[PDB]
Amino acid sequence: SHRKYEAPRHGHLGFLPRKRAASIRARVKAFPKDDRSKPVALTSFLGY
Amino acid sequence: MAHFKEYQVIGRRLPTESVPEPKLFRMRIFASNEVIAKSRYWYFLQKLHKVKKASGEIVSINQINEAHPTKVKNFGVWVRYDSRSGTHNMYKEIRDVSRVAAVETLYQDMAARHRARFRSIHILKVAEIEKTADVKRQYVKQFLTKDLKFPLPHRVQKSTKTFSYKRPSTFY
Amino acid sequence: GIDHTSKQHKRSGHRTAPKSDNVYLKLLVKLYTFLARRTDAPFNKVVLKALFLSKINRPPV
Amino acid sequence: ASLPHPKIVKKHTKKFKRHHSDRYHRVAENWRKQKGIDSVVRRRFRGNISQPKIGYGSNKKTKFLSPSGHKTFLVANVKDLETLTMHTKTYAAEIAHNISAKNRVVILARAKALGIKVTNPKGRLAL
Amino acid sequence: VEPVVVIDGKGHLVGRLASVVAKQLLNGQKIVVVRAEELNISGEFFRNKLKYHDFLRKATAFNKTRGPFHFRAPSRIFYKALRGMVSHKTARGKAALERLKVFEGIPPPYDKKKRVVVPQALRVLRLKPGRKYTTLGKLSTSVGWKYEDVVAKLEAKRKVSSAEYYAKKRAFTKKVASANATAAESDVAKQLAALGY
Amino acid sequence: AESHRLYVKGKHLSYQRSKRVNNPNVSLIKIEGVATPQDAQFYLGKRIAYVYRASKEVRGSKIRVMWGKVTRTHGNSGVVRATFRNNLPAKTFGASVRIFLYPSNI
RNA sequence: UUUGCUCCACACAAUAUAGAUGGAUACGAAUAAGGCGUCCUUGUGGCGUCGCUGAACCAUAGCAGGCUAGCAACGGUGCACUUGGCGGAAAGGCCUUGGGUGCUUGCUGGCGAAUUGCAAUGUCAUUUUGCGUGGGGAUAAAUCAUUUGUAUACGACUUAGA
RNA sequence: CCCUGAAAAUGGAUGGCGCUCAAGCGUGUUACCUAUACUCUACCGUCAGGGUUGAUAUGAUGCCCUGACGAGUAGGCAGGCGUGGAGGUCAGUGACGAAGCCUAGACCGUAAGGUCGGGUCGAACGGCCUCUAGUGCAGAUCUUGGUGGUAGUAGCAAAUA
RNA sequence: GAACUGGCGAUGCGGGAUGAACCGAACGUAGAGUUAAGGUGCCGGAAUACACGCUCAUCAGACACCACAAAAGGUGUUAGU
């Protein structure tokens, strides 16, 4: 039978699995869309 | 059973001492063979007179061949058939070269359009239409115009092999 | 399949030999088997069948 | 050689092993007929082991024949062996398992003298 | 009869092509299918998209990563159709499936090899004119395939290069036909015509 | 000559079978270039060889042969039935066989 | 590491084959339309011709293919050399310049084959290797142990140490 | 015929893939596929009907001829296989190796089983005609004994060290 | 819960995917041929046979037992009175 009281789910199912990242340096998955008219430039930087 | 022939079936009641020479009733029956033709004869004689096969006899069964089996004819057919919810009378027109072929077309068409099985069809009448202006259905009328001619667009050619090397055409 | 009208493999229900192990009775049976095969007298067949019977089927005379 | 015989047909060369003798060690291969009420073997469902039947019986003209065409007669001594003296093309002598080696030598010599084939001439040979 | 048969999937109906290819592979013929994105399915696009969404909802409830997988590429949709027509769970089915390659577009080395058609699976020969049909590439893009544009660009490049090949081929075959015709009506030509050549 | 073939190519398709039971004593063979039972009537009685390779050399060769013959036609599409001295091993479903031209009635 | 590793050649041994037995022979698009050829006042142009299947085209003769001289002509086709290009979708292939050399059944010439005994796949392919021969090339790392805490139940992770 | 009427809970079922001048629906004509069914043949068994004795055959519940049959729980009957012991016989086997045991080695039988080879072993044991029974095991939460997986696992953490 | 018959129980085999009972057919061991019921795109043996029509569904339909559908409606389309 039904829950008898509605509640939102606990936690976000889009951040699964809650495993260890394969590297200590997180991967950059998407870069900004290229604007070929602009001067050449880095789209990201590294730091601590 | 649509390898149809036409038979004349003539039969009668069995002669008795008080009534010799009964009245020799005759029917025209479309059927695949003589056994079915005699069955249909007794079916209709039972349904219209008080004569069953046990009290009667088939005097003659003869196959009637089309007199001019190689000239295109317009045929008017009257049928009565049984639907799922009642009995109906129908008139149809078939353009074809012989009576048996018209009746074959009739059975196929009644099966296709009304789901009427052979069991469910009585062919009341098949008669050649003597002349035009008596044809009343447009699907027959449109083939009776002057200088008729039409193409057959989109020809599909049979291929004997699994793979073709040419990406075929439908010209005709 | 066959629609059997009678029981299959049915033994005739008659003794074809004496049940006894008397060798002399068996020699008598051999004699009358030969006699009933090689003569047409029904007497020999009757005697041969009578030689098969049990004690209760041969009451004293 | 032996008497000429028709070709030997066995009709079932495969041992009839008891059901689940490959499943449980406690069930021996010696054939037993399943008598359970639900047994698929007894009910002869497709894909199961076959059961021994009288239909598999050997042709009576080749039954008991060895592939050489001889019937086997077990012999324990020379006197047993001469019982096959006049029957060398239908019977072959087999020396019993419990005959000593020095007696097997004598049996083999007599069999070679009389023409009797011996099925196991190599048993207990000394070297 | 060829060691490898390369099938141009453009204009074929997916299920009839799948049935033909499955029987070929099961009978031991090697098949490479190119231009899977140009395959056809009978019925309107919205109808086939509804069918694929109904496919998409089927998944193992307690773990979706083990449920039925929903491949979006046109070549994998056709491969899915080929499964179900091959008993893929047997060793013989795995061998028949290993005899098969399916591609979007025509990659090398097949871009320089002859492509054939399967007339019993050709839409133009099979579907009644006026019946709606679906294009596999657009259906795949709608259900989440990512590479329709790059395939179209790269196929345009292959088509221009192929057109240059064909113009050269036309020149050579016209030369050969004219020189053959010049050498016709000679004694050998007369005798070969008498023999049927 | 670049060709030396004196046999017709064929494919071993399957055993004789119903939907769920096969019969390994009979093999179904598709002969290349044969499409009707009328055409397949030509090849009835022709010897068939399945040729295969082994690592171990047996009798002066490493390539072994299984002999059989065409018995009757099968279906409407030129497939024939064949029987072999020993049944074909069913891993050959899809393998090539050779239908020879002997015994010849032509 | 019983003088290691790797790559070309090479004869040997194994090997094990989802199945060689003349050739996978390349436009694109349309199908109620097209292909090819030709011509022009270059088009969504005129004219002609074709399809109705690859039943085609190429190839195809020679001890499983041995031994040889020419003739018109400078063809055809392999093998190494070589000139330049083109191809990145998985390019790993395609095209081309020039010479050398073998064969040529385009035609006319010259010898042989047998006895596998009346058939027996009658062995001609394609992989993966290991041992040798003779030429070329190169001359490391990882783990354990120790160490850190951006990590951690243990593994694992992240650092450092000639 | 199609559509509306036509709403249920894990994701899912014309069996599946898929199929649209069908690979759908109605109807017709053929060809083809395959059951332990039908036809013919062989072999096994069963039942039935028969032949076979004046020098001719293991001397007859033997040999042979002919025909037809063959599903089966509970159950009935028949013919056989195997075990302990008893009478008789083979003047049987055996320390030159009995019995037992092991043997993806061989042979016979439809089968119960029988026989042989090889290895191990050390003192008795078989074939045949009969007699006799405390005579055949997979189960009984069967009895007694022995041994697993679990598993190098749980646990060996109260009483300050 | 009764009647008659045929079955299952006690029974495998081919077909209905699957299933005690449905269809076909009942069974010694084999070979050859032919079929039953059911099928012949592929799974899967067997015509992507031939022929006449009907149907396009933004919940099509697809074989008896059997795994459901109604009253009521539609200038959808097809025949007809």
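Proteins come first, then strands; the chains are lettered A, B, ... in the order of their sequence lines, and each starts at number 1. Excluded from the calculations below are hydrogen atoms, water molecules and symmetry mates; all remaining heavy atoms, backbone and side chain alike, are included.
- Between I:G61 and H:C19, both key atom distances fall under 3.5 Å, giving a Watson-Crick or G-U wobble pair.
- For E:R158 and G:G28, the shortest distance from a side-chain N or O to OP1 or OP2 is below 4.0 Å.
- In this structure, the side chain of E:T90 engages the main chain of E:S87 through a donor-acceptor pair within 3.5 Å.
- Between D:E29 and D:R18, none of the side-chain N atoms (NZ, or NE/NH1/NH2) sits under 4.0 Å from a carboxylate O, so this pair counts as no salt bridge.
- When each of B:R155 and E:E98 is assigned the nucleotide of RNA chain G bearing its nearest heavy atom, the one mapping closer to the 5' terminus is E:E98.
- Aromatic rings of B:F118 and B:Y81 (six-membered ring for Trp) have centroids beyond the 6.0 Å cut-off, not under it.
- Of the residues in residues 112-123 of chain E, those lying under 4.0 Å from RNA chain I by heavy-atom distance are E:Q120.
- Per the stacking criterion (ring centres < 5.5 Å, plane angle < 30°), D:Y56 does not stack onto the base of I:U29.
- In terms of phosphate contacts, E:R47 brings a side-chain nitrogen or oxygen within less than 4.0 Å of OP1 or OP2 of I:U58.
- Its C1'-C2'-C3'-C4' torsion being negative, the sugar of H:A55 is assigned to the south family.
- Cation-pi contact between F:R98 and F:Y50: absent, since separation from the ring centre below 6.0 Å together with deviation from the ring axis within 45° is not met.
- Using the rule of two distances under 3.5 Å, I:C52 and H:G26 count as a Watson-Crick or G-U wobble pair.
- Applying the 3.5 Å cutoff to both bonds, G:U147 and G:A141 do not register as a Watson-Crick or G-U wobble pair.
- Looking at heavy-atom distances under 4.0 Å, E:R16 makes contact with a base.
- A donor-acceptor pair under 3.5 Å is absent between the side-chain atoms of E:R66 and the main chain of E:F62, judged by distance alone.
- Under the 3.5 Å cutoff applied to both distances, H:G136 and H:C81 qualify as a Watson-Crick or G-U wobble pair.
- H:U34: sugar pucker south (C1'-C2'-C3'-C4' torsion negative).
- Remark: the bases of H:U120 and H:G100 meet in a Watson-Crick or G-U wobble pair, both edge contacts within less than 3.5 Å.
- OP1 and OP2 of I:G44 both lie 4.0 Å or more from every side-chain N or O belonging to F:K19.
- B:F171 carries B:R155 over the face of its six-membered ring, with the cationic atom under 6.0 Å from the centre and within 45° of the normal.
- For the pair E:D54 and E:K58, the salt-bridge criterion is met [side-chain N within less than 4.0 Å of a carboxylate O].
- Remark: H:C1 pairs with I:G76, satisfying the Watson-Crick or G-U wobble criterion at under 3.5 Å for both atom pairs.
- Pairing partner, I:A69: none, since no Watson-Crick or wobble contact has both distances short of 3.5 Å.
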Problem - CA sep, side-chain torsions, deciding dist, call: C:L35, C:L31, side-chain contact (heavy atoms from CB on, under 4.5 Å) - result: CA-CA 6 Å; C:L35 272 189; C:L31 178 41; 4.2 Å; yes

Each nucleotide of nucleotides 29-38 of chain H classed B (base within 4.0 Å of a protein heavy atom), S (only sugar-phosphate) or -, in 5' to 3' order, makes S-BSSSS-SS

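- Pairing check for H:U93 against H:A124: the Watson-Crick or wobble criterion is satisfied, both distances under 3.5 Å.
- Of the candidates I:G53, H:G109, G:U15, G:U15 carries the atom nearest the F:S55 side chain, counting heavy atoms from C-beta on.
- For the criterion of Watson-Crick or G-U wobble pairing, both bonds shorter than 3.5 Å, the nucleotides H:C47 and H:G5 do not count as partners.
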Protein and nucleotides 98-101 of chain H: nitrogen or oxygen contacts under 3.5 angstrom:
| unit_1 | atom_1 | unit_2 | atom_2 | d |
| --- | --- | --- | --- | --- |
| H:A98 | OP1 | D:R124 | NH2 | 2.8 |
| H:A99 | OP1 | D:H97 | NE2 | 3.1 |

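- The residue F:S14 sits close only to the backbone: its heavy atoms come under 4.0 Å of sugar-phosphate atoms, none of a base.
- Among the atoms of the strands shown, base atoms are found under 4.0 Å from some heavy atom of E:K51.
- Comparing A:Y48 and E:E155 by the nucleotide of RNA chain G whose heavy atom lies nearest to each, the residue mapping closer to the 5' end is E:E155.
- Judged by centroid separation below 5.5 Å and plane tilt below 30°, B:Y165 stacks onto the base of G:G54.
- Base-pair annotation: G:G75 with G:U53 fails the Watson-Crick or G-U wobble criterion (two N/O distances, each under 3.5 Å).
- Ring geometry for F:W67 versus F:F100: interplanar angle of 30 to 60°, hence tilted.
- For G:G106 and G:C107, a centre-to-centre distance below 5.5 angstrom and a plane angle below 30 degrees are both found for the six-membered base rings.
- G:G132 and H:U135 are not base-paired: they meet neither the Watson-Crick nor the G-U wobble geometry with both distances under 3.5 Å.
- A close approach under 4.0 Å does occur between a side-chain nitrogen or oxygen of E:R126 and OP1 or OP2 of H:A23.
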